[PDB]
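Data block below; observations after.
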Amino acid sequence: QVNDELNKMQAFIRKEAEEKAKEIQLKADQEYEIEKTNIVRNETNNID
Amino acid sequence: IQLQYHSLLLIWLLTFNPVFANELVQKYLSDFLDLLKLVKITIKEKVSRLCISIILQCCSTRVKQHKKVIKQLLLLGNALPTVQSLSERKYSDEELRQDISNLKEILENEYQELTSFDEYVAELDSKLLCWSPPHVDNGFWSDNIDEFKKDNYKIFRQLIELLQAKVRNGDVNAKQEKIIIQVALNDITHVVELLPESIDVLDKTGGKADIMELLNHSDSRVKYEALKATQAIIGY
Amino acid sequence: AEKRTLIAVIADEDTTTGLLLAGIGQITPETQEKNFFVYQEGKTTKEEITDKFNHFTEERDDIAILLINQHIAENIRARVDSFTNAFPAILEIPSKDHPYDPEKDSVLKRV
Amino acid sequence: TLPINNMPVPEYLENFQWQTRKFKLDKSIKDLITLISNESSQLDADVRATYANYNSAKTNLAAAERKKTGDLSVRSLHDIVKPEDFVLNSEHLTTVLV
């Protein structure tokens, strides 16, 4: 019946969510350098 | 009929004492509910009057925790609609009519402070569900959504445990079991779509895995409920 | 007060007609005036609307509740805000093609 | 709000157990029918009124968007009429800005 189409759509949605999670991880990786610079700058001011 | 009348008379005599009635009600709550149902089921005027008197004696204020016992009966056994139907019904005994009126008044007093959330909690405690109107009307599932996540999502955890138990007992595929499973799945889907913070709790408790595994059930209604739950999980 | 038993509407033509059908106000035999001071937002003038509102909310008027459509009360929003007296109360009735907005409620803005 | 796909309306159809709120059990058949019809009609009227209010709000938003689109018939009056051409700072003079 139509359940086969629903399962295929559900699998596609789950597969699509994996790509979105990868983009979130990629976005977080870029923000890590910015956060590290802020942490280093804050520590540098305290050290100075 | 004579044996039933004698048993009812013995029950009334035992319930005449308050301590004895209080002890019997706690130990025979299912028996009390069955007697309440049979009161409306039976057509004999004497048997109905005896059953009403027995119910009133258990619900009499002289018994310990009389209000609590009456509330528990009206909640679990659905005593209030039965008493309402009996009041609308007719009986040949004036004493039976007076007992029915007293029972209806007690049930109305008990249900005055009742709430839809209380009914849902009682149903969850009973580990039974038959697509109750609280599980159908969006008002209850919207107002009580916040209360479901209270106490570290105690209600959600209880629902997940009930769903897991039904999945374990779903091999029978009984009609009542299938209805209970469908109602539990609908409740879980509602509590997941509203206040989605419980999705992580359900995944940790294994409720998501149980819901996914339940898609293999042969019941068409169970299959539709599983598809709806999957769509509410990650689908659209 | 005892004389306060009257309802005044300064809303649009349709709202004024509906409330008049409800029977809010009466025509004063001596003053030759009625509480159903129908006045279109696009017709008349802002000064005329302000004068009517001042007459209805002051000058010992008998109106208990002043009914002003949100559209017409927006143009006299300064006078509505100035009317800080407890009575007569003012309401922002929705108008056709002009729904009531909480931001436009002068009295609710005191919260 | 719960999604429509998760609405249990067919699940309720599977049972159709009447509740006390929609109709009193002890009420008369005619009285129960009247009460249920009145409540459902009131709900339908409220839904229709909410839809009408949403339509009016959408119309107002569309009018605001058209005004912000820059069409001088609905655009800002500052650019519609030149300040020099328009009469200003004069008690006996005024502008039209048609």
Completion exercise
Considering residues that are among the small types (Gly, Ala, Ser) and within 14 Å of chain B (Cβ to nearest Cβ), the number found within the stretch D:1-54 is 2
Exercise for the section: Would you please name the residue that is surrounded by the most Cβ atoms within 10 Å (Cβ to Cβ), looking only at residues in the stretch B:202-236 that are of a type in the set (D, E, K, R), touching a residue at least 24 places away in the same chain (Cβ under 8 Å) and assigned to a helix (DSSP H, G or I)? Expected result: B:225
Completion exercise
(1) touching a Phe, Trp or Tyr at 6+ places or on another chain (Cβ under 9 Å); (2) more than 30 Å from residue B:85 (Cβ to Cβ); (3) not in a helix (DSSP H, G or I) all hold for residue D:15 apart from (2)
Practice task
Evaluate the stretch C:90-102: report whether one residue or more is without any contact (Cβ under 8 Å) to a residue 12 or more places away in the chain and either within 14 Å of chain D (Cβ to nearest Cβ) or within 26 Å of residue D:52 (Cβ to Cβ) (or both).
Solution key: yes
Practice task
State whether one or more residues within the stretch B:14-27 are surrounded by fewer than 15 Cβ atoms within 10 Å (Cβ to Cβ), over 16 Å from the mean Cα position of the chain (by Cα) and outside any helix (DSSP H, G or I).
Solution key: yes
Practice task
Mind telling me which of the residues B:171, B:219, B:203, B:210 ends up being away from chain D (no Cβ under 14 Å), closer than 24 Å to residue A:9 by Cα and out of contact with any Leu (no Cβ under 8 Å at 6 or more places or on another chain)?
Solution key: B:203
Exercise for the section: Consider only pairs whose beta carbons are under 8 Å apart and that are at least six residues apart or on different chains; among these, list those whose first residue lies in the stretch B:124-151 and is in contact (Cβ under 8 Å) with a residue 40 or more places away in the chain and part of a helix (DSSP H, G or I) and whose second residue is buried (at least 17 other Cβ atoms within 10 Å of the Cβ) and among the β-branched types (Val, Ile, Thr). Expected result: B:135/B:183; B:141/B:191; B:145/B:191; B:148/B:155; B:148/B:191
Fill in the blank from the handout: If we keep only residues of the stretch B:141-159 that are surrounded by 20 or more Cβ atoms within 10 Å (Cβ to Cβ) and more than 11 Å from residue B:198 (Cβ to Cβ), then the residue farthest from the other protein chains (Cβ to nearest Cβ) is B:144
Problem - Test set (1) in contact with a strand residue (DSSP E or B) (Cβ under 8 Å, 6 or more places away or on another chain); (2) over 28 Å from residue D:58 (Cα atoms); (3) part of a loop (DSSP other than H, G, I, E, B) - residue C:41 fails condition number - result: (2)
Handout entry: Lone unmet requirement of (1) free of Cβ contacts under 8 Å to residues at least 12 places away in the same chain; (2) part of a loop (DSSP other than H, G, I, E, B); (3) surrounded by 10 or more Cβ atoms within 10 Å (Cβ to Cβ) for residue D:43
Key = (2)
Exercise for the section: Among the numbered conditions (1) surrounded by 14 or more Cβ atoms within 10 Å (Cβ to Cβ); (2) free of Cβ contacts under 8 Å to residues at least 24 places away in the same chain, tell me where residue C:9 comes up short. Expected result: (2)
Practice task
Tally the residues that are of a type outside the set (A, V, I, L, M) and over 22 Å from the mean Cα position of the chain (by Cα), restricting the search to the stretch B:169-219.
Solution key: 18
Handout entry: Number of the exception - residue B:34 against (1) within 14 Å of chain D (Cβ to nearest Cβ); (2) closer than 25 Å to residue B:19 by Cα
Key = (1)
Problem - Answer residue from the stretch B:181-200, given it is within 13 Å of chain D (Cβ to nearest Cβ) and acidic (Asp, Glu) and is farthest from residue B:170 (Cα to Cα) among those - result: B:193
Problem - Condition check for residue B:62: surrounded by fewer than 20 Cβ atoms within 10 Å (Cβ to Cβ), more than 26 Å from residue B:180 (Cα to Cα), within 14 Å of chain D (Cβ to nearest Cβ) and in contact (Cβ under 8 Å) with a residue 40 or more places away in the chain - result: no
Problem - Meets criteria (in a helix (DSSP H, G or I) and either touching a residue at least 40 places away in the same chain (Cβ under 8 Å) or surrounded by 17 or more Cβ atoms within 10 Å (Cβ to Cβ) (or both)) for residue B:73 - result: yes
Exercise for the section: Identify the residue in the stretch B:109-131 that is within 14 Å of chain D (Cβ to nearest Cβ) and of a type in the set (D, E, K, R) and, among all such residues, is surrounded by the fewest Cβ atoms within 10 Å (Cβ to Cβ). Expected result: B:118
Exercise for the section: Would you be able to tell me the number of residues in the stretch B:98-108 that are away from every other protein chain (no Cβ under 14 Å) and not acidic (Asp, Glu)? Expected result: 3
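Neighbour counts run over all protein chains shown; Cβ positions are idealised from the backbone, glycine included. Each reported figure results from applying straightforward, stated rules to the coordinates on display, with no laboratory input.
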